[PDB]
């Protein structure tokens, strides 16, 4: 059942008005249907037509936003009673009564239709069902601090002219907004030959001159609107006094252009102010998906292997005890890599010893200070002797603080001259300071580490990486540490002294910690209690009744070929044990004391005791009630796995000639029992039960089947 009527998460629409019903409730005698109302009706129809539940809840959140916006724009509308009722219906259809704290956290995020709420509710439901790891609370914390996701949208929702030939990220709808700002960029000495009396008058010149030269190529004005194709972060790292001065290679013009964009922006977020709604939404959902990946990557990271090589208290002295050349040999030939801190001192040391790295097989240089998503192609251009790398060039000027000689430039130059691969592993999204928040820092670091894993720890590669210290070693993560590039890549991080000494950079204890948290308001744990919800559906037999024949593969696949014969011998022994057969029970309800007797005989047979297993589920009863039903088994332990020994399974429907004692690996046992019994929302705990602990063993209560129970 991929869409079960018994799932609490079925997103049922029984309590949500259809468009025809809305039409009568929201009708106003003299008022024709405006554009806002039409789009509300259209979206309501799409919701009711939606068969894919994830899309359905997505559309519902979008409708909530439409209503929010309408309420804000028309506070005296006589349609508001109907719209508010509809909004409450959608809230109740999505957020069940036991999800109050979740609902509050998620629906407090502005722009309910941005994708954030959809993603967060999807994650929450998967977490509650036991289909994803604990992540919702921390993904909410990320969303709440993120300068895009948490910002009430104030950008551009209009259409994009077909003349535009690049993907648009930002639009300034009315160019006159540039004349509203305090600074008169038109008075500045650099633009006196142009003869212009306003900021908006300078604008066409700045762009045209850019296009013909190199910079701001993805900016166009059409009919009083400015369309931008360069990302905020791309512009920030390629445009500054370092790269843009009077008489400089890129002159003042891009800086002037960007400076007034930022003045227009004011106290708003850049994307909040200027993004197209489309780019805004994409950014929201991409960031949440990437963060989730980063968080997942930190889960159960084992620091043991890394600490065994580099984590001894005296590793730094051992590193320092080697000559420089012995260190280079060890990094290249044994570790297959090394990282240096982001400093010009480190880069100069590397370049001064470059021959030695090359002689020991160096294949590649990687740096986090350039974004691959913007300049990887241009880097490839530089390396091949092309001149098409102006953005790269500007970015280098920024990195080198305008220094012509510049370490980053020199590093790149050396890769070309020496035919060594050069890789950017930075990722531009969310890369602009301030990094005054550990979630933004984690997001940014995670994307860089992900790229480095994909591109750097590969057979036949000997590499050096240059990165900011915050990327190198561990930093605070979500409920646990975020390991650094160096931990993930199995290499040491290093730094070069003011004395020019090359030394180890230890992973300090104070950084290898979780981010410090305050509980989210009234938060309830989402993850289920014990063992496992098998599925939020009714289970059924696929074929007919299981048989010993059908069960054989499950047994032989549970163990390696060399343990197979011994396993089958033990299974034969149990099935042919006189005392075990005496224990066989098949009258429903009278077998509750069987499992401890089975465990006792297994012990006397010399087998290893298992914890056992229990399964419980819901069953339809007369007058729309549901009862809990359960079963339990002892087990023996062999080759690391538990095997149910269930001498009372014949109390349940079965093949006519079935064996009296059911033996399967515990998971296969649970599945068989659930299917035979047409179990609804079955739940497994990996311990055998007797007496009260068995009789009242029931699935998590949120899984007891419910009506949609609205209007």
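Positions refer to the first chain, counted from 1.
Peer 1: On average, which has the higher Cα B-factor in the deposited entry, 556-564 or 308-316?
Peer 2: Stretch with the greater average CA B-factor: 556-564.
Peer 1: Got a sec? Mean C-alpha B-factor, which is higher, 91-99 or 222-230?
Peer 2: Between 222-230 and 91-99, it is 222-230.
Peer 1: Which has the highest CA B-factor per the PDB entry: 499, 348, 429, 572?
Peer 2: Of the options given, 499 has the highest CA B-factor in the PDB entry.
Peer 1: Can you tell me which of 85, 127, 521, 388 has the maximum CA B-factor listed in the PDB entry?
Peer 2: Spelled out: the listed residue with the top C-alpha B-factor is 388.
Peer 1: Select lowest, middle or highest to describe the third in which the CA B-factor of residue 292 falls within its chain in this entry.
Peer 2: Residue 292: CA B-factor falls in the lowest third of its chain.
Peer 1: Taking the values exactly as deposited, rank residue 31 by C-alpha B-factor within its chain and report the matching third: lowest, middle or highest.
Peer 2: For residue 31, the deposited C-alpha B-factor lands in the highest third.
Peer 1: Considering only modelled residues of the same chain, in which third does the CA B-factor of residue 656 rank: lowest, middle or highest?
Peer 2: Top third by C-alpha B-factor.
Peer 1: Going by the recorded CA B-factors, say which third of the chain residue 489 sits in, lowest, middle or highest.
Peer 2: According to the entry, residue 489 has a C-alpha B-factor in the chain's middle third.
Peer 1: Would you mind checking where the Cα B-factor of residue 113 ranks among the modelled residues of its chain, as the lowest, middle or highest third?
Peer 2: Its C-alpha B-factor belongs to the lowest third of this chain's values.
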